[PDB]
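Numbering of ligands and ligand atoms starts at 1, following listing order. Start at 1 with the first residue, then count along the sequence.
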Amino acid sequence: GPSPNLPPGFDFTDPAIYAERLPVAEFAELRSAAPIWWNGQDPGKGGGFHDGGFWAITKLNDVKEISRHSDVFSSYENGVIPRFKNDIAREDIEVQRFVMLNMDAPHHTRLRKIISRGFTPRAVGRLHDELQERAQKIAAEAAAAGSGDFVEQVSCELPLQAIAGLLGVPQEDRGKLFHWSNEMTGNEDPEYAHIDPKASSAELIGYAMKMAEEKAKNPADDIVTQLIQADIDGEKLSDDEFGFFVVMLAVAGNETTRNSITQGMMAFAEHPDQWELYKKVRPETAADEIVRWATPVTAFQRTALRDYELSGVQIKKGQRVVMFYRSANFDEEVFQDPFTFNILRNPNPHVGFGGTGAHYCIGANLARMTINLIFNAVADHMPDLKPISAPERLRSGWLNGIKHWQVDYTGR
Ligand code: HEM
Ligand SMILES: COc1ccc(CNc2ccc(Cc3ccncc3)cc2)cc1
Ligand SMILES: [Cl-]
């Protein structure tokens, strides 16, 4: 059929778009007119990838199919982040293969099995009470300030405290853990142009390996002991493997949940009936509707290891496919009224945590609990908050971020 009505040369991973807006109309145009569409990229404008473009995947069923067929669609070959600075060295992309997110089976299979020790329901549930207490304190302190930056005073802290609590990081070290985590992402935004993710990753690996050594001597009931204690088959994370795990967690556990909270509250400010309902019932289905609406990871990619026909399109060996979760989470064929913010939506089969498959987010229930606890605390302590000015969006080609959002917590 006809080509999609998009500006010539439009690139759905272009950070300059996301610094201003989410390209919602553009995604909808692809879902209607070219649900799998070749996103060409000019020389030097591939965000670190120099292969001429990628297949934009905009339908949820296609995202699920790619995610399920990890034997064909590789995370390791080019990593899963679809956009870096245009001049990033290839070697700096490949160094990402040392975290489980960017590995294929069988290496991924072994690590995921080991790490599952640290994300058991029980391990995560043991954090409930401390995170609830921290959430109430966070909201109380924010409301006492009267007004300020919702991103910094409400959204930022609890995700970091969850990481710290899961890993058993001493309180006196959480400041520097928080700093390292915040130095990893956003380096294409002018506000964060001076961050040094490679240096922070090295400091965190050094910190983490020291912790692994210490926790081997004196086991504490965090996840670390489960991760570095050999099982019957001698399987365990080496000290450097634990280091790479902490790097992965410090990044994965921070800004995505933060941006879920900020954009969830933006959604409530735009939909007062849902906010009144939330305050009255406190439905935990709200967390999944918040993640669907926020889709904090706009997109992750894969690379075909062989020719593969996907919904009538011939994917060729070596080509990248980019799963636009932001499009799939508003797929009219899966969601009733996807553009209605409905905190009771149930079932809510969004792919904000990825598609079902080998790499499905291991932190999903930790994220959902963080979100439910903080919105309860917001409803308890600042039920009448009112935005003061527009949010400032993050310049990124794959993360949907809010840097700042001024709100009046007392709403007067
Ligand atoms: C709302 C918050 C979050 C969102 C939107 C999110 C999103 C995602 C997505 C899309 C994936 C899919 C990877 C893929 O298919 O290539 C994923 C995987 C993963 N997530 Fe999350 N995530 C969130 C919170 C967290 C948290 C809190 C943690 C840990 C504390 C975490 C740890 C991970 C890990 C380790 C993986 C890789 C799993 C593997 O490769 O086997 N995430 N996440
Ligand atoms: C130098 O060592 C390294 C190794 C790997 C990495 C990148 N790892 C990474 C990439 C993307 C995300 C985003 C995400 C958020 C929530 N859930 C899942 C994924 C998290 C971690 C950097 C430096
Ligand atoms: Cl609905």
Just which atoms of ligand 1 are under 4.0 Å from any heavy atom in [X]?
| X | answer |
| --- | --- |
| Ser260 | 1 (C) |
| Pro296 | 5 (C) |
| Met248 | 35 (C) |

So does [Y] get a backbone contact from the side chain of [X], meaning a donor-acceptor N/O pair under 3.5 Å?
| X | Y | result |
| --- | --- | --- |
| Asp149 | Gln406 | no |
| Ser396 | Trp398 | yes |
| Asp11 | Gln41 | no |

Would you say [X] touches ligand 1, if touching means a heavy atom closer than 4.0 Å?
| X | result |
| --- | --- |
| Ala358 | yes |
| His108 | yes |
| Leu249 | yes |
| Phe119 | yes |
| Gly352 | yes |

Considering heavy atoms of the protein only, find what lies nearest to [atom] and give residue, atom and distance to 0.1 Å.
| atom | result |
| --- | --- |
| atom 1 (C) of ligand 2 | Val95 CG1, 3.8 Å |
| atom 16 (C) of ligand 2 | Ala252 O, 3.2 Å |
| atom 12 (C) of ligand 2 | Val251 CG1, 3.9 Å |
| atom 37 (C) of ligand 1 | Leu101 CD1, 3.8 Å |
| atom 3 (C) of ligand 2 | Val247 CG1, 4.0 Å |
| atom 8 (N) of ligand 2 | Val99 CG2, 3.8 Å |
| atom 7 (C) of ligand 2 | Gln96 OE1, 3.6 Å |
| atom 2 (O) of ligand 2 | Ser201 OG, 4.0 Å |
| atom 16 (O) of ligand 1 | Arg302 NH1, 2.8 Å |
| atom 19 (C) of ligand 2 | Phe300 CZ, 3.6 Å |

Partner set under ring-ring contact (aromatic ring centres under 6.0 Å, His included) for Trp293, not counting sequence neighbours:
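If we apply the ring-ring contact (aromatic ring centres under 6.0 Å, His included) test to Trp293, skipping adjacent residues, the hits are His271, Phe330, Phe341.
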
With sequence neighbours excluded, tell me which residues meet ring-ring contact (aromatic ring centres under 6.0 Å, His included) with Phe178.
none

Option passing side-chain contact (heavy atoms from CB on, under 4.5 Å) with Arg258 (candidates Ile374, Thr370, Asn182):
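With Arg258 as partner, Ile374, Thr370, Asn182 yield a single side-chain contact (heavy atoms from CB on, under 4.5 Å), made by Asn182.
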
Are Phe353 and ligand 2 in contact, using a heavy-atom cut-off of under 4.0 Å?
no

Residue pair [X] / [Y], side-chain heavy-atom distance below 4.5 Å:
| X | Y | result |
| --- | --- | --- |
| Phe335 | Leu60 | yes |
| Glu26 | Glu29 | no |
| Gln161 | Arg174 | yes |

If you measure from atom 2 (C) of ligand 1 to every heavy atom of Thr257, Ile66, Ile115, which option wins on shortest distance?
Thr257

Is the ring centre of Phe12 less than 6.0 Å from the ring centre of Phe54?
no

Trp55 ring center near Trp37 ring center (under 6.0 Å):
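No: the rings miss the under 6.0 Å criterion.
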
Between ligand 1 and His359, is the shortest N or O to N or O distance under 3.5 Å?
yes

Report yes if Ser75 has an N/O atom closer than 3.5 Å to an N/O atom of ligand 1; otherwise report no.
no

Would you call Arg393-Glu20 a salt bridge at under 4.0 Å N-O?
no

Are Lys113 and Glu235 close enough for a salt bridge, meaning some N to O gap below 4.0 Å?
no

Check step by step if side chain to side chain contact (heavy atoms under 4.5 Å, CB included) holds for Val313 and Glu309.
CA-CA 5 Å; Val313 178; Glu309 175 172 341; over 6 Å; no

Stepwise, does the side chain to side chain contact (heavy atoms under 4.5 Å, CB included) test hold for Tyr325 with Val63?
CA-CA 8 Å; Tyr325 304 122; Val63 169; 3.7 Å; yes

Where ligand 2 meets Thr256 - atom numbers and elements under 4.0 angstrom, heavy-atom basis:
15 (C), 16 (C)

If I only include protein atoms of type N, O or S, how many are less than 2.8 Å from atom 21 (Fe) of ligand 1?
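The number of such protein atoms is 1.
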
Using a 3.5 Å cut-off and no angle test, enumerate the donor-acceptor pairs between side-chain atoms of residues 346-361 and protein atoms at least two apart in sequence or in another chain.
from: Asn348; atom 1: ND2; to: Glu289; atom 2: OE1; distance (Å): 3.0
from: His350; atom 1: ND1; to: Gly352; atom 2: N; distance (Å): 2.9
from: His350; atom 1: NE2; to: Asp288; atom 2: OD1; distance (Å): 3.0
from: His359; atom 1: ND1; to: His108; atom 2: NE2; distance (Å): 3.4
from: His359; atom 1: NE2; to: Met103; atom 2: O; distance (Å): 3.1

